[PDB]
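Peer 1: Structure file target.cif, mmCIF, C-alpha atoms and all ligand atoms, is pasted below:
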data_structure
loop_
_atom_site.label_atom_id
_atom_site.label_comp_id
_atom_site.auth_asym_id
_atom_site.auth_seq_id
_atom_site.Cartn_x
_atom_site.Cartn_y
_atom_site.Cartn_z
CA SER X 9 0.00 0.00 0.00
CA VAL X 10 2.29 2.87 1.22
CA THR X 11 5.72 3.65 -0.40
CA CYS X 12 8.23 4.46 2.35
CA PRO X 13 10.94 7.16 1.71
CA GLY X 14 13.29 4.37 0.64
CA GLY X 15 10.84 3.28 -2.11
CA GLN X 16 9.81 0.10 -0.38
CA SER X 17 6.15 -0.70 -0.40
CA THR X 18 4.48 -1.43 2.87
CA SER X 19 1.03 -2.13 4.22
CA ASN X 20 0.81 0.82 6.66
CA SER X 21 2.80 4.07 7.18
CA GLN X 22 3.61 2.98 10.76
CA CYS X 23 5.88 0.37 9.20
CA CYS X 24 8.16 2.82 7.47
CA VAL X 25 10.47 3.60 10.46
CA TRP X 26 11.18 -0.14 10.79
CA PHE X 27 13.09 -0.17 7.44
CA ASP X 28 15.57 2.29 9.10
CA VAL X 29 16.00 0.28 12.24
CA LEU X 30 16.34 -2.84 9.96
CA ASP X 31 19.36 -1.23 8.27
CA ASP X 32 21.06 -0.09 11.47
CA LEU X 33 20.60 -3.48 13.20
CA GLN X 34 21.89 -5.39 10.14
CA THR X 35 24.92 -3.14 9.74
CA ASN X 36 25.76 -2.67 13.35
CA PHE X 37 24.16 -4.94 15.92
CA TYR X 38 24.47 -7.96 13.57
CA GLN X 39 27.81 -6.91 12.11
CA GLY X 40 26.87 -7.27 8.49
CA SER X 41 23.79 -9.50 8.79
CA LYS X 42 25.59 -12.37 10.60
CA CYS X 43 24.01 -15.23 12.65
CA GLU X 44 26.34 -15.21 15.66
CA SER X 45 26.17 -14.37 19.41
CA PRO X 46 23.99 -11.07 19.00
CA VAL X 47 21.15 -13.17 17.47
CA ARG X 48 21.42 -15.89 20.23
CA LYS X 49 21.50 -13.26 22.97
CA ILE X 50 18.43 -11.49 21.45
CA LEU X 51 16.53 -14.79 21.37
CA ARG X 52 17.24 -15.35 25.10
CA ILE X 53 16.21 -11.69 25.76
CA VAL X 54 12.79 -11.93 23.95
CA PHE X 55 11.91 -14.96 26.08
CA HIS X 56 13.08 -13.28 29.34
CA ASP X 57 11.17 -10.14 28.51
CA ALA X 58 7.89 -11.77 27.40
CA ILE X 59 7.69 -14.46 30.11
CA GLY X 60 7.61 -11.90 33.02
CA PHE X 61 3.85 -12.19 32.85
CA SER X 62 1.79 -14.07 35.46
CA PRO X 63 -2.04 -14.28 35.50
CA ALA X 64 -1.80 -16.07 38.89
CA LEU X 65 -0.01 -13.05 40.46
CA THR X 66 -2.64 -10.73 38.96
CA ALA X 67 -5.46 -12.98 40.23
CA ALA X 68 -3.91 -12.88 43.69
CA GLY X 69 -4.06 -9.04 43.60
CA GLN X 70 -0.32 -8.59 42.75
CA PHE X 71 1.29 -6.97 39.68
CA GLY X 72 1.89 -10.02 37.45
CA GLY X 73 4.24 -8.35 34.91
CA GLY X 74 3.52 -6.74 31.53
CA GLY X 75 4.73 -9.54 29.17
CA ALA X 76 6.38 -8.39 25.94
CA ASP X 77 6.73 -4.79 27.14
CA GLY X 78 10.53 -4.15 26.89
CA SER X 79 10.77 -3.88 30.69
CA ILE X 80 14.05 -5.85 30.61
CA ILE X 81 15.56 -2.72 28.91
CA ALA X 82 13.57 0.06 30.67
CA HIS X 83 14.08 -1.58 34.06
CA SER X 84 17.39 -3.37 33.32
CA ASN X 85 18.67 -2.06 36.67
CA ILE X 86 16.24 -4.34 38.47
CA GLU X 87 15.72 -7.25 35.96
CA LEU X 88 19.34 -7.87 35.09
CA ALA X 89 19.99 -8.60 38.81
CA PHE X 90 17.80 -11.73 38.49
CA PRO X 91 19.98 -14.92 38.23
CA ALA X 92 18.26 -15.99 34.97
CA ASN X 93 19.53 -12.74 33.34
CA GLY X 94 23.28 -12.98 33.51
CA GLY X 95 25.33 -12.31 30.39
CA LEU X 96 22.79 -9.94 28.92
CA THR X 97 23.98 -6.44 29.85
CA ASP X 98 26.04 -5.68 26.77
CA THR X 99 23.27 -6.70 24.41
CA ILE X 100 20.59 -4.76 26.40
CA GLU X 101 22.72 -1.53 26.17
CA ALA X 102 23.20 -1.89 22.42
CA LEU X 103 19.44 -2.37 22.02
CA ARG X 104 18.71 0.57 24.31
CA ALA X 105 20.67 2.92 22.03
CA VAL X 106 18.93 1.75 18.83
CA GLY X 107 15.53 2.21 20.49
CA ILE X 108 16.29 5.72 21.74
CA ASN X 109 17.86 6.62 18.39
CA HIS X 110 14.94 5.54 16.24
CA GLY X 111 12.17 6.52 18.61
CA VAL X 112 10.57 3.04 18.75
CA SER X 113 9.20 1.33 21.93
CA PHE X 114 11.48 -1.09 23.68
CA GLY X 115 8.89 -3.96 23.51
CA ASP X 116 8.48 -3.49 19.79
CA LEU X 117 12.24 -3.22 19.23
CA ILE X 118 12.95 -6.60 20.99
CA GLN X 119 10.30 -8.38 18.82
CA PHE X 120 11.69 -6.74 15.70
CA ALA X 121 15.34 -7.53 16.45
CA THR X 122 14.35 -11.23 17.03
CA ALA X 123 12.59 -11.51 13.62
CA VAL X 124 15.51 -9.72 11.86
CA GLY X 125 18.24 -11.76 13.63
CA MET X 126 16.55 -15.05 12.79
CA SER X 127 16.45 -13.99 9.08
CA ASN X 128 20.30 -14.11 9.18
CA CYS X 129 20.28 -17.79 10.17
CA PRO X 130 19.64 -20.38 7.41
CA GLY X 131 16.47 -22.41 7.70
CA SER X 132 14.59 -19.82 9.79
CA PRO X 133 10.87 -19.12 9.15
CA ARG X 134 9.75 -15.48 8.63
CA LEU X 135 8.39 -14.47 12.02
CA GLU X 136 5.33 -12.29 12.34
CA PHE X 137 6.13 -8.69 13.38
CA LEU X 138 3.50 -6.40 14.96
CA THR X 139 4.11 -2.77 16.06
CA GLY X 140 2.35 -0.57 18.55
CA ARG X 141 3.24 -1.94 22.04
CA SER X 142 3.27 0.97 24.55
CA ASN X 143 6.72 2.05 25.67
CA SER X 144 5.56 2.32 29.30
CA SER X 145 6.31 -0.65 31.60
CA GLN X 146 6.75 -1.59 35.22
CA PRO X 147 9.61 -3.94 36.35
CA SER X 148 8.92 -7.63 35.94
CA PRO X 149 8.26 -9.52 39.20
CA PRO X 150 11.20 -11.88 40.03
CA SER X 151 11.05 -15.65 39.77
CA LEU X 152 9.00 -15.87 36.56
CA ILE X 153 11.80 -17.18 34.30
CA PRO X 154 12.30 -21.02 34.03
CA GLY X 155 15.68 -22.32 35.07
CA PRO X 156 17.82 -25.26 33.81
CA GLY X 157 17.73 -26.96 37.22
CA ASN X 158 13.91 -26.85 37.44
CA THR X 159 11.77 -29.99 37.27
CA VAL X 160 9.56 -30.57 34.25
CA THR X 161 6.48 -30.04 36.47
CA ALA X 162 7.93 -26.68 37.58
CA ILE X 163 8.60 -25.50 33.99
CA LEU X 164 5.18 -26.72 32.71
CA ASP X 165 3.39 -24.92 35.57
CA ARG X 166 5.30 -21.65 35.03
CA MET X 167 4.83 -21.80 31.29
CA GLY X 168 1.22 -22.89 31.70
CA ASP X 169 0.50 -19.86 33.87
CA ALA X 170 1.91 -17.54 31.17
CA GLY X 171 -0.38 -19.29 28.70
CA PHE X 172 1.48 -22.17 27.05
CA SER X 173 0.44 -25.76 26.71
CA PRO X 174 3.10 -28.53 27.13
CA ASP X 175 3.27 -28.81 23.31
CA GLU X 176 3.98 -25.11 22.88
CA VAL X 177 6.75 -25.31 25.48
CA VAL X 178 8.43 -27.94 23.26
CA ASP X 179 7.81 -25.79 20.14
CA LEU X 180 9.36 -22.78 21.78
CA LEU X 181 12.53 -24.70 22.58
CA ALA X 182 13.36 -24.92 18.82
CA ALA X 183 15.30 -21.71 19.62
CA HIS X 184 17.95 -23.88 21.36
CA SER X 185 18.85 -25.04 17.81
CA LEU X 186 20.70 -21.62 17.56
CA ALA X 187 22.28 -21.77 21.02
CA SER X 188 25.26 -22.04 23.27
CA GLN X 189 25.83 -21.41 26.97
CA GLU X 190 28.42 -19.01 28.46
CA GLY X 191 27.54 -18.97 32.14
CA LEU X 192 26.62 -22.56 33.12
CA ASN X 193 30.18 -23.85 32.59
CA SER X 194 32.50 -20.96 31.79
CA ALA X 195 35.34 -23.41 31.17
CA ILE X 196 33.80 -24.34 27.75
CA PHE X 197 32.50 -20.87 26.85
CA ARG X 198 30.03 -20.83 23.94
CA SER X 199 29.75 -24.61 23.80
CA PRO X 200 26.77 -25.30 21.42
CA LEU X 201 23.56 -27.03 22.38
CA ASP X 202 23.41 -28.80 19.00
CA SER X 203 25.88 -29.41 16.19
CA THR X 204 24.61 -26.53 13.97
CA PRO X 205 24.41 -23.39 16.20
CA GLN X 206 24.05 -21.31 13.03
CA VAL X 207 21.34 -23.31 11.23
CA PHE X 208 17.70 -23.30 12.42
CA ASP X 209 17.07 -27.02 12.16
CA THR X 210 15.87 -30.18 13.86
CA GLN X 211 19.41 -31.21 15.19
CA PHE X 212 18.69 -29.98 18.73
CA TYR X 213 15.76 -32.39 19.15
CA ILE X 214 17.74 -35.34 17.78
CA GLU X 215 20.86 -34.66 19.78
CA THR X 216 19.28 -34.07 23.18
CA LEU X 217 17.69 -37.55 22.83
CA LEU X 218 21.03 -39.32 22.25
CA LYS X 219 22.57 -41.12 25.24
CA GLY X 220 24.64 -38.76 27.42
CA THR X 221 28.14 -40.15 27.01
CA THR X 222 30.64 -37.32 27.20
CA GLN X 223 31.68 -34.70 29.79
CA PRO X 224 32.77 -31.85 27.46
CA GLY X 225 34.74 -29.79 30.05
CA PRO X 226 37.07 -30.32 33.05
CA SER X 227 34.12 -30.51 35.42
CA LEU X 228 30.34 -30.23 35.24
CA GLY X 229 28.76 -26.80 35.56
CA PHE X 230 25.41 -25.69 36.89
CA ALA X 231 22.62 -27.99 35.70
CA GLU X 232 24.97 -29.73 33.30
CA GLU X 233 24.41 -33.28 32.02
CA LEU X 234 26.62 -35.67 30.05
CA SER X 235 26.33 -34.92 26.29
CA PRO X 236 26.65 -37.15 23.14
CA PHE X 237 30.02 -35.80 21.92
CA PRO X 238 32.99 -33.45 22.63
CA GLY X 239 32.14 -29.77 22.44
CA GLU X 240 28.36 -30.11 22.91
CA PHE X 241 26.76 -28.92 26.12
CA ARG X 242 23.57 -30.56 27.48
CA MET X 243 21.51 -28.81 30.18
CA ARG X 244 19.25 -30.74 32.54
CA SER X 245 15.86 -29.21 31.64
CA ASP X 246 16.38 -30.01 27.93
CA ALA X 247 17.46 -33.60 28.79
CA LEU X 248 14.42 -34.02 31.06
CA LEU X 249 11.86 -32.45 28.67
CA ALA X 250 13.09 -34.72 25.87
CA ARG X 251 12.35 -37.75 28.06
CA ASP X 252 9.36 -36.82 30.27
CA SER X 253 6.11 -38.55 29.29
CA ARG X 254 4.25 -35.20 29.16
CA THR X 255 6.51 -33.80 26.44
CA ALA X 256 8.35 -36.74 24.90
CA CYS X 257 6.03 -37.38 21.94
CA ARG X 258 5.99 -33.71 20.79
CA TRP X 259 9.82 -33.62 21.16
CA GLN X 260 10.11 -36.75 19.00
CA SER X 261 7.76 -35.34 16.34
CA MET X 262 10.08 -32.35 15.99
CA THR X 263 13.00 -34.53 14.89
CA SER X 264 12.31 -35.29 11.16
CA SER X 265 10.95 -32.21 9.55
CA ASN X 266 12.47 -28.80 9.57
CA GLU X 267 9.27 -27.56 7.82
CA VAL X 268 6.90 -28.74 10.62
CA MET X 269 9.36 -27.50 13.29
CA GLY X 270 9.50 -24.00 11.74
CA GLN X 271 5.66 -23.70 11.37
CA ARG X 272 5.17 -24.73 15.01
CA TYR X 273 7.91 -22.42 16.30
CA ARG X 274 6.52 -19.47 14.25
CA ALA X 275 3.05 -19.97 15.78
CA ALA X 276 4.28 -20.23 19.40
CA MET X 277 6.55 -17.18 18.94
CA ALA X 278 3.59 -15.11 17.55
CA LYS X 279 1.71 -16.04 20.75
CA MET X 280 4.67 -15.12 22.97
CA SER X 281 5.17 -11.77 21.21
CA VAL X 282 1.83 -10.40 22.37
CA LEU X 283 1.77 -11.61 26.03
CA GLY X 284 0.34 -8.66 28.01
CA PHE X 285 -1.17 -7.10 24.80
CA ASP X 286 -4.16 -7.34 22.56
CA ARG X 287 -2.84 -8.22 19.13
CA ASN X 288 -5.97 -6.67 17.63
CA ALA X 289 -4.69 -3.34 18.88
CA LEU X 290 -1.33 -3.75 17.05
CA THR X 291 -0.40 -3.00 13.39
CA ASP X 292 1.01 -5.78 11.26
CA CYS X 293 4.36 -4.85 9.71
CA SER X 294 5.43 -8.41 8.81
CA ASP X 295 6.28 -7.49 5.25
CA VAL X 296 9.29 -5.55 6.63
CA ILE X 297 11.03 -8.83 7.63
CA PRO X 298 13.41 -10.35 4.97
CA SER X 299 13.52 -14.06 4.01
CA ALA X 300 16.34 -16.19 5.41
CA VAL X 301 18.29 -18.42 3.03
CA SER X 302 16.88 -21.99 2.99
CA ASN X 303 18.51 -24.89 4.76
CA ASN X 304 18.79 -27.82 2.26
CA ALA X 305 20.45 -30.38 4.57
CA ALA X 306 18.28 -33.30 5.80
CA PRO X 307 18.11 -34.21 9.57
CA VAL X 308 20.90 -36.68 10.59
CA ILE X 309 22.01 -38.71 13.52
CA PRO X 310 25.64 -37.51 13.52
CA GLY X 311 29.04 -39.15 13.75
CA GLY X 312 28.27 -42.82 13.41
CA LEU X 313 25.54 -42.97 16.07
CA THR X 314 22.36 -44.91 15.08
CA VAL X 315 18.85 -45.27 16.35
CA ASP X 316 20.20 -47.57 19.01
CA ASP X 317 21.94 -44.57 20.57
CA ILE X 318 18.76 -42.51 21.01
CA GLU X 319 16.81 -43.05 24.16
CA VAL X 320 13.30 -43.29 22.60
CA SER X 321 10.87 -41.88 25.09
CA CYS X 322 7.53 -41.59 23.20
CA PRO X 323 5.80 -44.95 23.90
CA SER X 324 3.08 -44.54 21.32
CA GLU X 325 4.90 -43.65 18.08
CA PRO X 326 8.03 -45.28 16.60
CA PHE X 327 11.08 -43.08 16.20
CA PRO X 328 11.21 -41.55 12.64
CA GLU X 329 13.57 -42.92 10.00
CA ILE X 330 16.37 -40.30 10.17
CA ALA X 331 19.55 -40.51 8.08
CA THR X 332 22.79 -41.60 9.79
CA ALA X 333 26.20 -40.12 9.03
CA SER X 334 29.09 -42.31 8.01
CA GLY X 335 31.81 -40.75 10.21
CA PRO X 336 33.69 -40.51 13.55
CA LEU X 337 32.09 -38.67 16.50
CA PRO X 338 32.20 -34.88 15.90
CA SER X 339 33.93 -32.45 18.26
CA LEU X 340 32.14 -29.10 18.22
CA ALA X 341 33.88 -25.84 18.00
CA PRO X 342 32.41 -22.99 20.15
CA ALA X 343 29.44 -21.19 18.63
CA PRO X 344 30.68 -17.95 16.94
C1 LIG R 401 11.98 -24.12 29.10
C2 LIG R 401 12.75 -22.96 29.49
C3 LIG R 401 14.07 -22.67 29.11
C4 LIG R 401 15.14 -22.77 29.92
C5 LIG R 401 15.14 -23.40 31.31
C6 LIG R 401 16.27 -22.20 29.22
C7 LIG R 401 17.54 -22.05 29.76
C8 LIG R 401 18.64 -21.59 29.08
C9 LIG R 401 19.96 -21.50 29.66
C10 LIG R 401 20.32 -21.91 31.07
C11 LIG R 401 20.78 -21.03 28.68
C12 LIG R 401 22.28 -20.75 28.76
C13 LIG R 401 22.61 -19.28 28.93
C14 LIG R 401 24.09 -19.09 29.17
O1 LIG R 401 24.59 -19.55 30.19
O2 LIG R 401 24.77 -18.48 28.35
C15 LIG R 401 19.97 -20.86 27.50
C16 LIG R 401 20.42 -20.34 26.28
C17 LIG R 401 19.61 -19.97 25.22
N1 LIG R 401 18.24 -20.04 25.25
FE1 LIG R 401 17.10 -21.00 26.54
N2 LIG R 401 15.93 -21.81 27.94
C18 LIG R 401 14.57 -22.07 27.87
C19 LIG R 401 13.75 -21.60 26.85
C20 LIG R 401 14.15 -20.83 25.77
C21 LIG R 401 13.24 -20.18 24.85
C22 LIG R 401 11.71 -20.32 24.88
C23 LIG R 401 14.00 -19.43 24.00
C24 LIG R 401 13.63 -18.52 23.00
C25 LIG R 401 12.45 -18.55 22.16
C26 LIG R 401 15.39 -19.67 24.40
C27 LIG R 401 16.51 -19.22 23.71
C28 LIG R 401 17.85 -19.44 24.07
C29 LIG R 401 18.99 -19.12 23.24
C30 LIG R 401 18.96 -18.67 21.78
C31 LIG R 401 20.06 -19.42 23.97
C32 LIG R 401 21.50 -19.24 23.56
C33 LIG R 401 22.16 -17.97 24.06
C34 LIG R 401 23.62 -17.85 23.64
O3 LIG R 401 24.09 -18.67 22.87
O4 LIG R 401 24.31 -16.93 24.09
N3 LIG R 401 15.47 -20.49 25.51
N4 LIG R 401 18.65 -21.18 27.76
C1 LIG R 402 10.78 4.59 26.21
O1 LIG R 402 10.94 4.78 27.63
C2 LIG R 402 12.30 4.90 28.08
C3 LIG R 402 12.29 5.18 29.56
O2 LIG R 402 11.72 4.08 30.20
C4 LIG R 402 12.98 6.03 27.35
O3 LIG R 402 14.36 5.90 27.64
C5 LIG R 402 15.12 7.03 28.01
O4 LIG R 402 15.29 7.92 26.90
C6 LIG R 402 16.12 9.07 27.15
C7 LIG R 402 16.15 9.95 25.90
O5 LIG R 402 14.90 9.94 25.24
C8 LIG R 402 17.54 8.58 27.49
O6 LIG R 402 18.47 9.66 27.66
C9 LIG R 402 17.41 7.67 28.74
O7 LIG R 402 18.69 7.16 29.05
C10 LIG R 402 16.46 6.49 28.49
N1 LIG R 402 16.26 5.70 29.71
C11 LIG R 402 16.27 4.37 29.71
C12 LIG R 402 16.01 3.62 31.01
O8 LIG R 402 16.53 3.74 28.69
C13 LIG R 402 12.77 5.99 25.83
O9 LIG R 402 13.28 7.17 25.26
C14 LIG R 402 11.29 5.83 25.48
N2 LIG R 402 11.13 5.80 24.02
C15 LIG R 402 10.16 6.42 23.35
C16 LIG R 402 10.12 6.33 21.83
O10 LIG R 402 9.28 7.04 23.93
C1 LIG R 403 36.24 -30.82 19.95
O1 LIG R 403 37.21 -30.04 19.27
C2 LIG R 403 36.88 -28.65 19.45
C3 LIG R 403 37.76 -27.86 18.52
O2 LIG R 403 37.60 -28.45 17.22
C4 LIG R 403 36.94 -28.30 20.94
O3 LIG R 403 36.45 -26.98 21.07
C5 LIG R 403 36.07 -29.24 21.80
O4 LIG R 403 36.29 -29.04 23.19
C6 LIG R 403 36.42 -30.65 21.45
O5 LIG R 403 37.75 -30.92 21.86
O1 LIG R 404 18.42 -18.45 30.77
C1 LIG R 404 17.81 -18.96 31.75
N1 LIG R 404 16.54 -19.30 31.57
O2 LIG R 404 15.95 -19.08 30.33
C2 LIG R 404 18.49 -19.17 33.07
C3 LIG R 404 17.67 -19.47 34.19
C4 LIG R 404 18.21 -19.68 35.45
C5 LIG R 404 19.61 -19.62 35.65
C6 LIG R 404 20.46 -19.34 34.57
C7 LIG R 404 19.92 -19.11 33.29
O3 LIG R 404 20.76 -18.80 32.26
CA CA R 405 8.78 -7.78 30.23
CA CA R 406 20.88 -26.00 14.87
#
Can you present the structure in this file as structure tokens?

Peer 2:
Amino acid sequence: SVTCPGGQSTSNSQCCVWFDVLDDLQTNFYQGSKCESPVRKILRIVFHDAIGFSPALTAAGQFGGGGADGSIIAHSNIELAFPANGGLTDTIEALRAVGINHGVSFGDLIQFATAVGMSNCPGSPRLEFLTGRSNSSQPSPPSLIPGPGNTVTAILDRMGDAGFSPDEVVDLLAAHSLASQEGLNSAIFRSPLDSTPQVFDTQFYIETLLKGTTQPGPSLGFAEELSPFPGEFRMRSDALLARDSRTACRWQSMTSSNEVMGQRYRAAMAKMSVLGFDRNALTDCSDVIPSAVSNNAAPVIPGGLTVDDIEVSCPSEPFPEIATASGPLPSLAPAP
């Protein structure tokens, strides 16, 4: 409909400023449209920002949090002191400056930077992007972010309160396919959670189901489990969700199709992006988001492992026929 100053066509004039913050983020924050640590950090930030939302706290007369309101930036002084929020300061400051510089709300900017960062990573779906979230927020209540040492019941209850079913919790975890850890075991900084930390694929679901065989570092860190090969980190909550009867069959269904995984993740992320808001009050600017390059590799059980090495945990459906790789056990380099 509209033609923005830069000659791009868009659906609504409110979308035009987003082509300028697209260019700045690609050039600066993402260092030339790369899929490296800034994208992984933004993905952890969108989750920590949107999940500070609790209907139970509201019901009990308390402030339950505003959801996807950008409070992790506006109130970074209080939220970054939460233990779930370590390692985020530098990224929050960079985002703060872009927000102030372009005059966009912090809640909208975090949703936008997530859709743009994912477009830099092969295999990613185009995420929906809505604009209009109010820039005003209150600090998130503490203790609303799931931790790696929590039990599956604990995570499902917390997530359930925020609004997600057990299935959507599994769908949301596709983001650990572009992930590493830096603070659980600092001795193996940026150790990846799957073998392709730069490709949005099914490898994370396959690899967390393999038998934990290897200790990747000198000792075990906080909530660390044995992993399937050198260089890969496995955290307890992911190991447990892959195997718990409440989530095991959805986890297994996510292993053979990058197309089904991406559709499911896109839907759960659209839901998460409007926690605390009425999406009917927001303007759709999804056409601003570029396409990612496609991932053409098929799912594989890496380095010589076979089906016999995966701990099948869904009792009702057989494990999918996934390709095996004819090689020695990989050793993963740190995520870039
Ligand atoms: C079920 C709850 C979840 C738990 C308990 C959890 C926990 C963690 C932990 C402990 C780390 C390591 C951080 C570090 O030490 O550097 C991590 C990393 C990450 N998580 Fe999650 N996570 C969960 C859900 C999600 C969701 C829903 C998303 C986003 C949609 C997400 C995206 C990421 C990303 C991209 C990283 C990698 C960050 C980096 O490489 O620097 N996580 N997660
Ligand atoms: C959104 O609200 C935040 C405050 O919560 C605004 O941030 C401040 O902006 C001024 C300049 O405009 C800076 O000098 C301050 O350092 C910022 N404070 C914080 C905590 O970031 C922000 O400008 C608001 N944005 C819009 C478009 O209204
Ligand atoms: C596998 O090899 C990588 C480097 O290729 C290491 O980072 C890892 O710890 C393991 O030795
Ligand atoms: O990122 C987290 N949850 O998403 C997290 C939670 C508790 C402790 C450390 C962490 O990194
Ligand atoms: Ca928030
Ligand atoms: Ca991956």

Peer 1: Taking a cut-off of 12 Å and counting all atoms listed in the file, can you build a table that, for each residue of chain X near ligand LIG 403 (chain R), reports the nearest atom pair and how far apart they are in Å (one decimal), sorted by chain then residue number, as CSV?

Peer 2:
residue,atom,partner,partner_atom,distance
X:195,CA,R:LIG403,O4,9.8
X:196,CA,R:LIG403,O4,7.0
X:197,CA,R:LIG403,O3,9.3
X:198,CA,R:LIG403,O3,9.3
X:199,CA,R:LIG403,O3,7.6
X:200,CA,R:LIG403,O3,9.8
X:203,CA,R:LIG403,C1,11.1
X:222,CA,R:LIG403,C6,10.5
X:223,CA,R:LIG403,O4,9.8
X:224,CA,R:LIG403,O4,6.2
X:225,CA,R:LIG403,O4,7.1
X:226,CA,R:LIG403,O4,10.0
X:235,CA,R:LIG403,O4,12.0
X:236,CA,R:LIG403,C6,11.9
X:237,CA,R:LIG403,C1,8.2
X:238,CA,R:LIG403,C6,4.6
X:239,CA,R:LIG403,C5,4.0
X:240,CA,R:LIG403,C5,7.8
X:241,CA,R:LIG403,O4,10.0
X:336,CA,R:LIG403,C1,11.9
X:337,CA,R:LIG403,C1,9.5
X:338,CA,R:LIG403,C1,7.0
X:339,CA,R:LIG403,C1,3.3
X:340,CA,R:LIG403,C1,4.8
X:341,CA,R:LIG403,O3,4.2
X:342,CA,R:LIG403,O3,5.8
X:343,CA,R:LIG403,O3,9.4
X:344,CA,R:LIG403,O3,11.5

Peer 1: Using only C-alpha atoms, please write the residues we just selected to a file, as a short mmCIF file (atom, residue, chain, number, x, y, z; two decimals), in the coordinates of the input.

Peer 2:
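Resulting contents of result-v9.cif:
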data_model
loop_
_atom_site.label_atom_id
_atom_site.label_comp_id
_atom_site.auth_asym_id
_atom_site.auth_seq_id
_atom_site.Cartn_x
_atom_site.Cartn_y
_atom_site.Cartn_z
CA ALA X 195 35.34 -23.41 31.17
CA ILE X 196 33.80 -24.34 27.75
CA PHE X 197 32.50 -20.87 26.85
CA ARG X 198 30.03 -20.83 23.94
CA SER X 199 29.75 -24.61 23.80
CA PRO X 200 26.77 -25.30 21.42
CA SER X 203 25.88 -29.41 16.19
CA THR X 222 30.64 -37.32 27.20
CA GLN X 223 31.68 -34.70 29.79
CA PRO X 224 32.77 -31.85 27.46
CA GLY X 225 34.74 -29.79 30.05
CA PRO X 226 37.07 -30.32 33.05
CA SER X 235 26.33 -34.92 26.29
CA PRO X 236 26.65 -37.15 23.14
CA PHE X 237 30.02 -35.80 21.92
CA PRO X 238 32.99 -33.45 22.63
CA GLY X 239 32.14 -29.77 22.44
CA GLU X 240 28.36 -30.11 22.91
CA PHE X 241 26.76 -28.92 26.12
CA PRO X 336 33.69 -40.51 13.55
CA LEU X 337 32.09 -38.67 16.50
CA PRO X 338 32.20 -34.88 15.90
CA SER X 339 33.93 -32.45 18.26
CA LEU X 340 32.14 -29.10 18.22
CA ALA X 341 33.88 -25.84 18.00
CA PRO X 342 32.41 -22.99 20.15
CA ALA X 343 29.44 -21.19 18.63
CA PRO X 344 30.68 -17.95 16.94
#

Peer 1: Kindly work out which residues sit at most 10 Å from ligand LIG 402 (chain R), using all atoms listed in the file, and give the list as a ChimeraX atom specification.

Peer 2: /X:78-85,100-101,103-105,107-115,142-146

Peer 1: Which protein, DNA or RNA residues have an atom within 6 Å of ligand LIG 401 (chain R), counting all atoms listed in the file, as a list in words?

Peer 2: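 Written in the requested form, the residues are residues 45, 48, 49, 51, 52, 55, 154, 155, 156, 180, 181, 183, 184, 186, 187, 188, 189, 190, 191, 192 and 245 of chain X.
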
Peer 1: Given the choices X:140, X:168, X:95, X:75, which gets closest to residue 194 (chain X) if the distance is worked out from all atoms listed in the file?

Peer 2: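 Of all the options, X:95 lies closest to residue 194 (chain X).
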
Peer 1: Contacts of residue 292 (chain X) at 12 Å or less, counting all atoms listed in the file, minus same-chain residues fewer than 3 places along, as a short mmCIF file (atom, residue, chain, number, x, y, z; two decimals) with C-alpha atoms, in the coordinates of the input?

Peer 2:
data_model
loop_
_atom_site.label_atom_id
_atom_site.label_comp_id
_atom_site.auth_asym_id
_atom_site.auth_seq_id
_atom_site.Cartn_x
_atom_site.Cartn_y
_atom_site.Cartn_z
CA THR X 18 4.48 -1.43 2.87
CA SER X 19 1.03 -2.13 4.22
CA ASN X 20 0.81 0.82 6.66
CA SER X 21 2.80 4.07 7.18
CA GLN X 22 3.61 2.98 10.76
CA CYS X 23 5.88 0.37 9.20
CA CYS X 24 8.16 2.82 7.47
CA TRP X 26 11.18 -0.14 10.79
CA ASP X 116 8.48 -3.49 19.79
CA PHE X 120 11.69 -6.74 15.70
CA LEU X 135 8.39 -14.47 12.02
CA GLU X 136 5.33 -12.29 12.34
CA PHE X 137 6.13 -8.69 13.38
CA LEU X 138 3.50 -6.40 14.96
CA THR X 139 4.11 -2.77 16.06
CA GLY X 140 2.35 -0.57 18.55
CA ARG X 141 3.24 -1.94 22.04
CA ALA X 278 3.59 -15.11 17.55
CA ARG X 287 -2.84 -8.22 19.13
CA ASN X 288 -5.97 -6.67 17.63
CA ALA X 289 -4.69 -3.34 18.88
CA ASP X 295 6.28 -7.49 5.25
CA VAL X 296 9.29 -5.55 6.63
CA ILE X 297 11.03 -8.83 7.63
#

Peer 1: Skipping near chain neighbours, those fewer than 5 positions away, what residues fall within 10 Å of residue 131 (chain X) using all atoms listed in the file, listed as JSON, numbers by chain?

Peer 2: {"X": [126, 206, 207, 208, 209, 210, 266, 267, 270, 299, 300, 301, 302, 303, 304, 305]}

Peer 1: Nearest to residue 96 (chain X) among X:117, X:124, X:43, X:54, with distances taken over only C-alpha atoms: which residue is it?

Peer 2: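 The shortest atom-to-atom distance to residue 96 (chain X) comes from X:54.
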
Peer 1: Taking all atoms listed in the file into account, which of X:33, X:59, X:247, X:308 comes nearest residue 150 (chain X)?

Peer 2: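 Once distances to residue 150 (chain X) are computed over all atoms listed in the file, the minimum belongs to X:59.
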
Peer 1: Residues at most 7 Å from residue 283 (chain X), counting all atoms listed in the file, excluding those fewer than 4 positions away in the same chain, as a list in words?

Peer 2: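 Here the qualifying residues turn out to be residues 58, 75, 76 and 279 of chain X.
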
Peer 1: Using all atoms listed in the file, which of X:93, X:314, X:99, X:260 sits nearest ligand LIG 404 (chain R)?

Peer 2: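 Looking only at the distances to ligand LIG 404 (chain R), the closest residue turns out to be X:93.
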